[PDB]
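Okay, structure first, notes after.
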Amino acid sequence: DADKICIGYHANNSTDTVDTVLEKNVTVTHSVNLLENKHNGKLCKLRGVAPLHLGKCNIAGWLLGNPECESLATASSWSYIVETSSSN
Amino acid sequence: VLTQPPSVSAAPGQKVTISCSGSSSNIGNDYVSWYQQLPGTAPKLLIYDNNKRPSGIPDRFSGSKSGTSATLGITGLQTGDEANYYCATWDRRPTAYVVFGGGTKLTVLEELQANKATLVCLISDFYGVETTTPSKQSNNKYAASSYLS
Amino acid sequence: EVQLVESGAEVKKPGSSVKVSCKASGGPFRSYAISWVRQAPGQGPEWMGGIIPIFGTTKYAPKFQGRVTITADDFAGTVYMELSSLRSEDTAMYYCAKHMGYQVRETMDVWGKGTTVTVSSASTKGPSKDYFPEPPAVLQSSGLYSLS
Amino acid sequence: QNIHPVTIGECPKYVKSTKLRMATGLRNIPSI
Amino acid sequence: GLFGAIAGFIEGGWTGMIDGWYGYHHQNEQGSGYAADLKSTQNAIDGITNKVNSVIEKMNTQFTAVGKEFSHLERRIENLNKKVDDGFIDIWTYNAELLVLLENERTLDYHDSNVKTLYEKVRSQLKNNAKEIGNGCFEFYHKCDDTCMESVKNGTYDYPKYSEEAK
Amino acid sequence: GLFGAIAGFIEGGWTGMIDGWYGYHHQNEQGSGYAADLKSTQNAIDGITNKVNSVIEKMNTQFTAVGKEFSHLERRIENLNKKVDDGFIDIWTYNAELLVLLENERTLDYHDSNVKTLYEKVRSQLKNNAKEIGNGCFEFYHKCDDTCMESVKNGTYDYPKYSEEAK
Amino acid sequence: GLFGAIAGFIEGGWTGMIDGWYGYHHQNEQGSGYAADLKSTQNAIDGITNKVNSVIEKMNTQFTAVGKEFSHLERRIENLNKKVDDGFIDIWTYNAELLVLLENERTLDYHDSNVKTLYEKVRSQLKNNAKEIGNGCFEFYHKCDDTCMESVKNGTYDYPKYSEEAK
Ligand SMILES: *[C@@H]1O[C@H](CO)[C@@H](O)[C@H](O)[C@H]1NC(C)=O
Ligand SMILES: *[C@@H]1O[C@H](CO)[C@@H](O)[C@H](O)[C@H]1NC(C)=O
Ligand SMILES: *[C@@H]1O[C@H](CO)[C@@H](O)[C@H](O)[C@H]1NC(C)=O
Ligand SMILES: *[C@@H]1O[C@H](CO)[C@@H](O)[C@H](O)[C@H]1NC(C)=O
Ligand SMILES: [Cl-]
Ligand SMILES: [Cl-]
Ligand SMILES: [Cl-]
């Protein structure tokens, strides 16, 4: 006579929280992070194409041919151009 | 595991039936699906939930389940229906998993200077040692190869 | 319909591990489970395991329990399969297939075209007889193929 | 992404946010 | 929740129901257990995956957008260019944060409605063959063995069959 | 729907109820027919017309906005001007699409709530003089001729009068 | 309202319940009166204060932003600068007005759900020891003195105790 059935819902030990306008820090069973905050700390090839690092020289020194930029005389193709605060 | 007959054959236009026999842990307490597999191609679902067909599977394919045995049926047999057929179901045996049947094939009616020396004996036009399994030529005669190291 | 596209073929040595992937069209989040099924030459398919949407839970067959790991990058619409301690017996065609709903089940309604994993003690070598991965041929006990 | 507004290639949209988590499941209440 | 079920008249959740979001816990002489409700969990997973894809598709990727250089005699257009860049970042940050805040509220209410819909479905099935004992449980007036329980969870409970068998 | 009525316990719609959005289908010895519920259809038409006007009024018309010309020595401000024009278009496109997506969801839930409100109104009227037979139908315990049916649809059903006349 | 309570089956409000948003009016031989329901009024005040703070925090303050001067030979960048300033104002005006319109609708529905939740809580308590007489009132089948009424409002009404004492 003690046969019973109950409706209910899932729970787990997730500790991730989400916000609403009505309430902050709501623990939910499942969620996705939509925000990337992690990088690798390097300048890389861009789809198999290496960038052009100008190093000691700036745009003017590269194209004009400053003696310090013989390393750049061989530049043909690149994916981006990088200057530094020391590119003088 | 699920047991099927290894091989069945029939003439075009006939109806064949492929039995899949398991235990109370698989077929006797869960749904049964069937897959058709053609050479070089992935398994193709024919029957799900014992007897339902997906979109695109013709009327002549059908399935059923009786207690512990499931059964695939094909009518109006065609040359294109000659393939391997597999049953599958959800086995609660040890850890639960998906289990396939064994399968049922349906048929429709200079060197000797390097201190080494190998033998060459070819064979074709028919119908320590390695042996080539009989492949299939474009001629449709069987061919192979064999070597004694 | 849905397209499942497995990554390229793999050839690996025993005891190493291989990580193949399966990229699904649309989405990128899916509401149905995806599992991996392999099939050795002259054999029936054998299920390996699957993964559930949102929940991320996995089930593995007892035979591969302990050395298979299924994971999902839902933002990239991709599912991965890593198999370790490779034996020669692991040489088979590997398929990803999707289920009709969110639970893994005997019913997989759409499959990828499959990719091959070959596990041999051999390494690649040029022919002189005695070459390895196929460019009918027969294989010696060396694992090397010799053709004519 | 919140790493940098200057980007080369195919990148995520830059925002100043520090958290952007989107609920997929329900309110988690394991012990009552 | 707006529908009074989650953290409402159903006081809490079930860590022991692992195969889905909403479902049942039964209890009869043969034993007890949990079981997810596949059909309703599936409908929710449809909508939530759709929701997440919708957010993704609305935020098209940012392509190459680099800065510019100005001389000491071009500070008005330098500051204008800075004003433009900052302005758009403030607006997409607002858009992103607001969308997630609002969608998070709706997602939780959505789950709450789904639980309430399920409870009322069962209530409508069992009618007065069982006693609504609050906390989301129904106490049967007849013996409900495993087949009986299985039919409740399939939605094909047989109210005439058991109305004559009450204890 | 969030309220369980539309595509819920009322399994489907009525192509034969042409004069409104929500209403009744009755069935007694004299005959059968449909009838829209004017008061509730009107309230919804009020709100939806208001909703559509609200969308209109928030999107003030675009007046004359033409492009500009730049020389081969003005590419920084040319690209800045392009950046500005493209940026605002991306933002109004997002605003427009998002508003319609969100309002569409709310509009459907709105209709679902209106149907549920109507059903519960009738249920509250008929009380236990009629049997809730699911699918949104009430089966009367007394003969309910056309005047009886008309009074249910007016909200002035007479529960005392018929409580003594049950079959 | 989406939940049928406010301006729904509870036809109107109470200027005489001054200590909260939702509550009770009782009536027995000893006397009558109003009493706010603290626990539910508190939960709503939590959420609404949170809502208002959320709006505040999303609208960061505007710092010094002055205009610029241009010559009669700089009208293209003058008009560009004007285009930028006007554009952003049109967008924050849209954002501000839309947020308040949408939040206002949700706030009202929120209150409507809270009233309905309270009514169903009491209904679930009293069960069939009282008659649901519509308009949100329960008429008791047993004498309910002040202690009895106080226990209903505390959620600890004793359905077994009074089920034997019905008039
Ligand atoms: C939410 O939790 C974080 C981390 O525990 C904390 O820094 C923050 O103050 C909390 N906010 C609220 C409103 O509880
Ligand atoms: C479960 O319900 C379906 C209808 O939705 C019905 O066809 C099926 O027979 C039911 N199963 C059992 C075991 O009664
Ligand atoms: C219909 O209801 C109104 C009150 O809303 C009442 O004044 C009117 O007399 C009713 N009509 C009939 C025919 O009872
Ligand atoms: C009111 O309810 C609380 C439980 O929420 C209980 O501890 C307390 O004793 C009750 N008060 C009375 C007077 O019964
Ligand atoms: Cl909730
Ligand atoms: Cl709907
Ligand atoms: Cl209201």
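Cβ atoms come from the backbone with ideal geometry, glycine included; neighbour counts cover every protein chain shown. A short reminder: the numbers here are calculations on the coordinates, not readings from a lab.
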Residue among F:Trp21, F:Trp14 that is touching a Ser or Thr at 6+ places or on another chain (Cβ under 6 Å) and more than 16 Å from ligand 7 (Cβ to nearest atom): F:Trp21
Qualifying residue in the stretch C:22-36 (condition: within 14 Å of chain B (Cβ to nearest Cβ), among the small types (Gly, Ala, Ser) and over 28 Å from A:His10 (Cβ atoms)): no
Candidates F:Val100, F:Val84, filtered to the one that is touching a helix residue (DSSP H, G or I) at 6+ places or on another chain (Cβ under 9 Å), among the β-branched types (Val, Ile, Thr) and more than 10 Å from chain G (Cβ to nearest Cβ): F:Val100
In the stretch F:99-110, the residues that are more than 18 Å from G:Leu108 (Cβ to Cβ) and surrounded by fewer than 17 Cβ atoms within 10 Å (Cβ to Cβ): F:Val100, F:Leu101, F:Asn104, F:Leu108
Among the candidates A:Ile7, A:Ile59, A:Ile81, residue that is more than 16 Å from ligand 1 (Cβ to nearest atom), of a type in the set (A, V, I, L, M, F, W, C) and within 8 Å of chain E (Cβ to nearest Cβ): A:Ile7
Residue among G:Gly13, G:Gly8 that is over 30 Å from A:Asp19 (Cα atoms), away from ligand 3 (no atom under 16 Å from the Cβ), away from chain A (no Cβ under 14 Å) and among the small types (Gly, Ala, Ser): G:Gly13
Spans of strands (runs of 3 or more DSSP E) in the stretch B:1-68 with at least 2 residues within 16 Å of C:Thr107 (Cα to Cα): B:32-37, B:44-47, B:61-66
Evaluation of G:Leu102 against (1) part of a helix (DSSP H, G or I); (2) more than 19 Å from F:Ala96 (Cβ to Cβ) (one fails), failing number: (2)
Residues that are over 22 Å from G:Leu102 (Cα atoms), hydroxyl-bearing (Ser, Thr, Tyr) and not in a strand (DSSP E or B), drawn from the stretch F:26-55: F:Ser40, F:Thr41
Options G:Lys153, G:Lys127, G:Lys116: the member that is within 16 Å of ligand 5 (Cβ to nearest atom) and in a helix (DSSP H, G or I): G:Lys116
Tally of residues being within 16 Å of ligand 4 (Cβ to nearest atom) and surrounded by fewer than 18 Cβ atoms within 10 Å (Cβ to Cβ) across the stretch G:111-120: 0
Top-ranked residue in the stretch B:19-60 [being of a type in the set (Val, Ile, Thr) and under 26 Å from C:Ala92 (Cβ atoms); ranked as surrounded by the fewest Cβ atoms within 10 Å (Cβ to Cβ)]: B:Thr41
Enumeration of residues in the stretch A:13-48 that are more than 7 Å from chain D (Cβ to nearest Cβ), in a loop (DSSP other than H, G, I, E, B) and within 16 Å of ligand 1 (Cβ to nearest atom): A:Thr15, A:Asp19, A:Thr20, A:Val21, A:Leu22, A:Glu23, A:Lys24, A:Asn25
Subset of the stretch B:95-119 (residues that are within 23 Å of B:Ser21 (Cα to Cα) and either touching a helix residue (DSSP H, G or I) at 6+ places or on another chain (Cβ under 6 Å) or in a loop (DSSP other than H, G, I, E, B) (or both)): B:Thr95, B:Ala96, B:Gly102, B:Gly103
The lone exception for F:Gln62 - which of (1) within 14 Å of chain E (Cβ to nearest Cβ); (2) more than 30 Å from E:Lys116 (Cα to Cα) it fails: (1)
Subset of the stretch G:63-98 that is surrounded by 14 or more Cβ atoms within 10 Å (Cβ to Cβ) and among the polar types (S, T, N, Q) - its residue that is nearest to ligand 6 (Cβ to nearest atom): G:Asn95
Filtered residues of the stretch E:120-167 (kept if of a type in the set (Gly, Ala, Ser), more than 11 Å from chain A (Cβ to nearest Cβ) and over 24 Å from E:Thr41 (Cα atoms)): E:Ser163
Any hit, the stretch B:61-83, residues being among the basic types (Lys, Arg) and either surrounded by fewer than 18 Cβ atoms within 10 Å (Cβ to Cβ) or within 9 Å of chain C (Cβ to nearest Cβ) (or both): no
Matching residues, the stretch B:69-93, being of a type in the set (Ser, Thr, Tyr) and assigned to a strand (DSSP E or B): B:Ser69, B:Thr71, B:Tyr85, B:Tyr86, B:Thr89
Answer from A:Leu64, A:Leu54 - the residue that is touching a helix residue (DSSP H, G or I) at 6+ places or on another chain (Cβ under 7 Å) and among the hydrophobic types (A, V, I, L, M, F, W, C): A:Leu54
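A quick yes/no check of all residues on (1) touching a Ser or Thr at 6+ places or on another chain (Cβ under 7 Å); (2) among the β-branched types (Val, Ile, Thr); (3) under 30 Å from E:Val100 (Cα atoms):
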{"position": "A:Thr17", "(1), (2), (3)": "yes, yes, yes"}
{"position": "A:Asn37", "(1), (2), (3)": "no, no, yes"}
{"position": "A:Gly48", "(1), (2), (3)": "no, no, no"}
{"position": "A:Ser86", "(1), (2), (3)": "no, no, no"}
Matching residues in the stretch G:29-59 - criterion: being surrounded by 12 or more Cβ atoms within 10 Å (Cβ to Cβ), away from every other protein chain (no Cβ under 14 Å) and out of contact with any helix residue (DSSP H, G or I) (no Cβ under 9 Å at 6 or more places or on another chain): G:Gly33, G:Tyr34, G:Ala36, G:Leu38
